[PDB]
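# Structural overview for review
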Amino acid sequence: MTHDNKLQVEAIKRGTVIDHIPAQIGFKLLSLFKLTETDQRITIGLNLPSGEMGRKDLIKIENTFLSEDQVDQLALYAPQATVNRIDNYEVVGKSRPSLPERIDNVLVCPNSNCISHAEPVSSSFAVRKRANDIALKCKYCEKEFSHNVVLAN
Amino acid sequence: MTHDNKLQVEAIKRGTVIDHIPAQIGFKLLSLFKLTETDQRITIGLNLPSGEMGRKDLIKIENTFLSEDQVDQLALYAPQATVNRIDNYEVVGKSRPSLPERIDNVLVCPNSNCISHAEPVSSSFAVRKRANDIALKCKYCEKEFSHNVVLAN
Amino acid sequence: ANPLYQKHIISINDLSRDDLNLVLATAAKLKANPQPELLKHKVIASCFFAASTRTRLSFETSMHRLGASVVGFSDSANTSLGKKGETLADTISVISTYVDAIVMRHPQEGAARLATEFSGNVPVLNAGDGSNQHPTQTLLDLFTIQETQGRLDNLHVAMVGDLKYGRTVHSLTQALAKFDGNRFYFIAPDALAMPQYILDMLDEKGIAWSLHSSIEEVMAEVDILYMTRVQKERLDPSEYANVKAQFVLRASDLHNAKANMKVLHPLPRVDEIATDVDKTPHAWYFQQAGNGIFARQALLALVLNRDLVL
Amino acid sequence: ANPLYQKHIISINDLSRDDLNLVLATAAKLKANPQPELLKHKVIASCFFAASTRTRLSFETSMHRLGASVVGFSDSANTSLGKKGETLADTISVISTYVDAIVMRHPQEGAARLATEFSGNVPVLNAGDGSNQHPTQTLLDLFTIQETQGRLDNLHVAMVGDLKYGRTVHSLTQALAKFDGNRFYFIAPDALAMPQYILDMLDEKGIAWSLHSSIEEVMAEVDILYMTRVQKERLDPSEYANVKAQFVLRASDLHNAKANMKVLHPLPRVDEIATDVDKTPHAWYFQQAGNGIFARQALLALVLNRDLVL
Amino acid sequence: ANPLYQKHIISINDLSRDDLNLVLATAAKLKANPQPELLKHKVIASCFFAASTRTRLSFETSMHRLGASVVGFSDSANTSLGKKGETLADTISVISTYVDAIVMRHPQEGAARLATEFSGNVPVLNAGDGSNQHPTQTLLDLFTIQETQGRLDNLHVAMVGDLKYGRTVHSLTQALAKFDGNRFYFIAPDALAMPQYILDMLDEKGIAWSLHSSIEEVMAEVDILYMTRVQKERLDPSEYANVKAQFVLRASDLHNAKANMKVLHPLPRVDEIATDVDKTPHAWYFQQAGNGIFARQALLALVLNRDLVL
Amino acid sequence: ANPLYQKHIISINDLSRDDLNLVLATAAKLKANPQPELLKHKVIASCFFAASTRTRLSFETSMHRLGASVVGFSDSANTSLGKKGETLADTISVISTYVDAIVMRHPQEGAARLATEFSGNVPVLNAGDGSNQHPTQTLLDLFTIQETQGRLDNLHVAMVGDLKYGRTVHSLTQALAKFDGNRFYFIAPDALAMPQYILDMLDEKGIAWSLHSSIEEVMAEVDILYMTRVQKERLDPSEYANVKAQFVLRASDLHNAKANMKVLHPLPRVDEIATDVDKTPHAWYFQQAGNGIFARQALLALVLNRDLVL
Ligand SMILES: [Zn+2]
Ligand SMILES: [Zn+2]
């Protein structure tokens, strides 16, 4: 839905194309979800010319498809991203990030006494909405935190 | 310059173009020297078909130019990298990285008693070469390591 | 099998009202008809990375009363592992190769839950994981509320003191929230008030409760009086003194309390219950402590025993 | 009687290959068919003057699994004797008037051997006497090599890491030197190389071995991969880092290892085995730990039991 | 006879608005024209019965910057007098037969005032008496505040952090109440807010004071920013990380801020203040510390000398 | 402007051969003609975050021998800044607003260099930064070496003991490499020998250096004997007593020795040096310590004063 035509573009024969990523979320994603830990062709456009954002983020992964969960996983960060599957130079189906149920491996617990901190474990959080923020309850300390807080730099 | 496969692609207006980055280094560099932090259209060519050089990575930051030194920063990750200054779609000129004197705040002192860890100090190593091995010395603890030992991170 | 066979008891929230009733029932039975060779040949690990020789002794006592053998430790700054080298995973992993179940107390929250991921099949019971959970204490508690009240439903339950930093009160309330018609009284000092989330689950589940400043205010209606310690350390030793006089129970304070009214306390008390209360019938903290034995016997039996044959 | 009845297990050198086979055999049997009332009425002293709650717990667990009763302690700076007054002789002398056998860990070398001179008839088992010996660990070790390899003969055994300050590797090698056709690989950092005397007994007995710098160098031929901890404290925290990267095992490092190849480790590991190795079949350190239980059951049974009736 | 010759410095409330201005004037005189032979032949006792870094070093430095001689101690954990059996009284009773003035930090509330009663003629200065008073901190707070703004009057002063427990924060408040047209922004967690008594005097004084949720809520309205450090151990590690986010300062919070505006902190700072603030003009905590020299010099000067010629 | 006015003294490698000769010249001037009002009104901070006996006392004495004033601390085990939560940075950042120069010993490598970055204008002097540097020791080594031989050039210098870990031993080596015609005998255990990097620079420098098994092997060939203390805890108590015999010095080893020859040791000595050496002319370790006074005086002198009139 982004059309740059003075320095044209290419839409891969097959694989997934993640659209409308907000800017500076773009790196955050692939660093968070190791999408670059693959040898398949990847095309990344940073701070692109978007109609709605002006500066948007756009990942293109080749010969590669992501579970809905994968896609749902991205809701926290790019809640407006657009996963497009693609086969034979065509749009085999749009997709949308839906707030998961749980969030494993990427999150980090605010509780400095949680055992997930000193041991080799996968952070897991149950996801509940609260008409103001999403709440995340830690698998281990069972403490609940504002997503705003869990995502704290 | 440009990539394609029968179909166009981009050659950015002005700015530098790093190329011949070895496989799965382009990301590092992106995260490492944090080149993604601008607000200008970056283009990243991951696992591109080098064929001749195998399949190297490629970065194209537009409207941004590279200092003689940050080019040397990549001397340790992408020594075969090729950085081209680019104006009006064409190549005003290009350099190769040459070995730096000091590598600053990217490396980390293997010495666990180095003061450098706890403190709000940015690391700095002094780059020296012997045989085929490179030797970085801790500016603080003053301990010399092989480039293979400090290159975990 | 029984619903709890071979399951890990980690948090009070993981348990159902049925699961609760089942344990409470069993407890009554082992309290009633003792099965002293029931867990014979079984060897249980009593790992207290955190010292607490009230909980420990209870558990272990339980263990022997069912005929199990016991191995373990107390404070692992004496132990050889876990000060800088051994992870807890690697420790559980080794331990769970030669005991039949693990009871563990640990300073960090979520320590019992992590154990489960490395114990394989060996069941893990939480005897305290930092401020997180202490299920057995609550079990002990309910089983005493039940055995003295006759129910877990339609009670008038007052929790008093440090309601802010009292894991056992938050659990009790949650647990008690599993049953219906219950009415709550929260008599706490403002810096140490019942946390919001708890208050919301109440409002949410439709359970009635109200804040109060005076015990006296609400004595005549309470069946259960649950007391907590007001760890002065939790505040200004001068700002403590100022409030403390409002949340301390003297014998005299009980003169209008129901026949069935029972005063409860997790222990150790210190200043909040005057010793003249001991001398009264309402005093049930020691009894409540001893009931810890069946609560734990109950648990041990069900997790380790496929068929509870009573 | 059995060859080991009523004997003190002090050093691995005092044991014969027959004595070894006998224990290993027994171990397999108690692992196979458990005799849980075998050492009933027997009371065993678990004296750990040195804390080590991995060895201890094992032993004691063993003890209960044979029906013995257990008394003892851990770190005797808590104990009443031995800080300035009581000798170890006077301590063993008193202890050995009321227990059936003594298991003891001690900071000074030769402490277990001295015990024997004052225990009279009560058997003494060494659970570690300073840097000297730790026979049971080796027993544990062999019995795992055997049970997984199928033999103690004609093996390809690699020991890795701190070969200089690893009593358990020196013992293993000695023990393994009791059997024939064995081939050794010593992959250690020069400051921490396999001590000369050990190397001479090999050359002397005709056993083949060679030094190596890389695991990779020799992976494809090893049946047993015995890992040791490289206690950084043993050297410069900077000179440590420089070498450490050569004697650390990642999952990936094993890709050409035999089917039967088993990775071994006395524990606690920490940095030398990556956790991704756990996830593989070759990982046998936890299993090896659990085998500690039969090794020790084996021992206890034979020393205390005139006739092992299995 | 200067108004403070031979006078004791226990509590800030003991000092008039003039006494304040007096000290600061001196302090700025001395900052300009050093007089390093002023307290020559005087011998001062620096008795830190509690740890101090700034206070003990700044004081002794002040002591040498004027020619005085120092004797004293630090960490009287127990030793010989005070905590171990001798009464503070008796301590003082003898140290005042030794020196010309006494400086002391003490973990008990009001230790310094007590001293007063046994020093006879020798003045005592309060370096921190428990959770009570800390005048010389507050003096170096005021000087700095004035040094950077030009007035102690009619200011927009915002205090943040532990407004409930932070002595320096109440002290500072008390003193600024002595000047007019000063208004306060109290930006703290509700579980950690400005005690009501403070709030009352401000109102019995007519002083205006709001209450802000966050720092960048008031940012543009303030001249002085006063960051008190928040104690986590006084809080749940969960709770401590609950409000935390909006009581930490970072250079990005500073953009909307006036240029007149300075950030001071009594130090040490943990993480309440980000290091990027370190390189920003408003950053004035290290400077504030430097000025502790002059504030403390002036005081010593004033108490021990009839009057100066500066 | 003397070449070291206002300069920092972190590592010996930071000092030219001239800078060296410069200091020593001064040092010998000052030894002759004391100037005890030279650093009058300067206030120096002696911040020992690690224990020191010689270094902390010799320095402070040097400090008073020139009229300076001292403030500081020792054993900052944890207290208030540094080990307990405050960063060294912040520590320095405030102590440099207090004094004119800073002296510090610190257990971390490179703490002194870090300081450099936060002291602003105030010079820091390295009193021992972990296992890294110790210039002022080495300065008092060189002076003494020259005081007793007349040259720092063309010498037979033998170092013994822990040539692998002993900082002073490498430092000393580094500096003497700056002079010509100097040759080294490295007499240490192989498990404790001179690191190769040292060995390399000597060879990239053209310097001659052998390697001797024992002390009385080279005895007659040496002018200076440098005994570094061997650490047993870094060694097996068995091992430590294995080579030990040939790395201890006794008066009987001294007969073949030249008369020009002096034994120095950085101290403290344990038993590496027998007490009969104490009464022998070559014995020059106590003297060497006395000279630490002048070496340290000179330095302080030079760094803080424009230039002298001596
Ligand atoms: Zn957690
Ligand atoms: Zn370093």
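Conventions and cut-offs
- Residues numbered from 1 in each chain as written, not as in the entry; some residues may be left out.
- Chains lettered and ligands numbered in written order.
- Part of a larger assembly, values for the part shown.
- Heavy atoms only, no water.
- UniProt positions renumbered as here; feature names shortened; annotations may be inferred.
- Helix = DSSP H or I, 4+ residues; strand = E, 2+ residues; numbered from the N terminus.
- Buried < 20%, exposed > 50% of the residue type's maximum accessible area, 1.4 Å probe, protein only.
- Contact = heavy atoms within 4.5 Å.
- Polar contact = N/O pair within 3.5 Å; in protein donor to acceptor, adjacent residues only side chain to side chain.
- Least-squares fit on C-alpha atoms.
- Buried area = accessible area lost by both parts, 1.4 Å probe.
- Salt bridge = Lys/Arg side-chain N within 4 Å of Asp/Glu carboxyl O.
- Pairing = 2+ DSSP bridges.
- Axes fitted to C-alpha atoms, helices over the stretch in contact; angles between N-to-C directions.

The PDB entry lists chain C under the name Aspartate carbamoyltransferase catalytic chain, from Escherichia coli. Under Function, UniProt gives the following word-for-word description of chain C: "Catalyzes the condensation of carbamoyl phosphate and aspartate to form carbamoyl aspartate and inorganic phosphate, the committed step in the de novo pyrimidine nucleotide biosynthesis pathway." Quoted verbatim from the Pathway heading of the UniProt record, the comment on chain C is "Pyrimidine metabolism; UMP biosynthesis via de novo pathway; (S)-dihydroorotate from bicarbonate: step 2/3."

Looking at the PDB entry, one finds chain A named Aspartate carbamoyltransferase regulatory chain, with Escherichia coli as its source organism. In UniProt, chain A has this text filed under Subunit: "Heterododecamer (2C3:3R2) of six catalytic PyrB chains organized as two trimers (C3), and six regulatory PyrI chains organized as three dimers (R2)."

Our next topic: the environment of F:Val263. Residues and elements named next belong to chain F. By the element assignment, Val263 lies in strand 9 (residues 262-264). Here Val263 falls in the buried class, since its relative accessible area comes to 0%. Taking the C-alpha atoms as reference points, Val263 and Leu225, separated by 38 residues in sequence, lie 4.6 Å from one another. Sequence-distant contacts of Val263, that is, excluding residues within four places in its chain, are made with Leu225, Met227, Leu249, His282, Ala283, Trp284 and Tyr285.

The next point concerns the side chain of F:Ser214. Residue and element names in this part refer to chain F. Within the fold, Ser214 resides in the loop between strand 7 (209-211) and strand 8 (224-227). Residue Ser214 is classed as buried on the basis of its relative accessible area, which comes to 9%. Of the polar contacts made by the side chain of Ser214, one reaches the backbone nitrogen of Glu217; its length is 3.2 Å. Beyond its immediate chain neighbours, meaning those up to four positions away, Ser214 contacts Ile187, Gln246 and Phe247.

Moving on, we get to the relation of the copies chain D and chain C. Two chain copies, one operation linking them: a rotation about an axis together with a shift along it. Each copy of the sequence occupies a distinct position, and chain D is placed on chain C by a rotation of 120° and an axial shift of 0.0 Å, giving an RMSD of 0.0 Å. Taken together, the rotation and translation relating the two chain copies correspond to the operation of a three-fold axis. The overlap is low: 5% of the interface residues of chain D also sit at the interface in chain C, so different surfaces are used on the two sides.

Moving on, we come to the interface of chain A and chain B. The interface is formed by 23 residues belonging to chain A together with 27 residues belonging to chain B. Overall, the association of chain A and chain B removes approximately 2,100 Å² of surface from exposure, summing both partners, and the carbon and sulfur fraction of that is 54%. Three residues, A:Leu7, A:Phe27 and A:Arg41, lead the burial of chain A against chain B; their summed loss comes to 29% of the area buried on that side. In this assembly, chain A and chain B are joined by zero salt bridges. Taken together, chain A and chain B are joined by twelve residue pairs in polar contact.

Picture the strands of a sheet paired through backbone hydrogen bonds; they go either parallel or antiparallel. All names here are of chain E. Reading across from one edge, 7-6-5-8-9 is the order of the five strands in this open sheet, with parallel pairing throughout. The sheet terminates laterally at strand 7 (209-211) and strand 9 (262-264), the two strands that pair on one side only. Direction aside, neighbouring strands of the sheet carry axes that sit 20° apart on average. Pairing between strand 5 (residues 156-160) and strand 6 (residues 183-187): five bridges, direction parallel.

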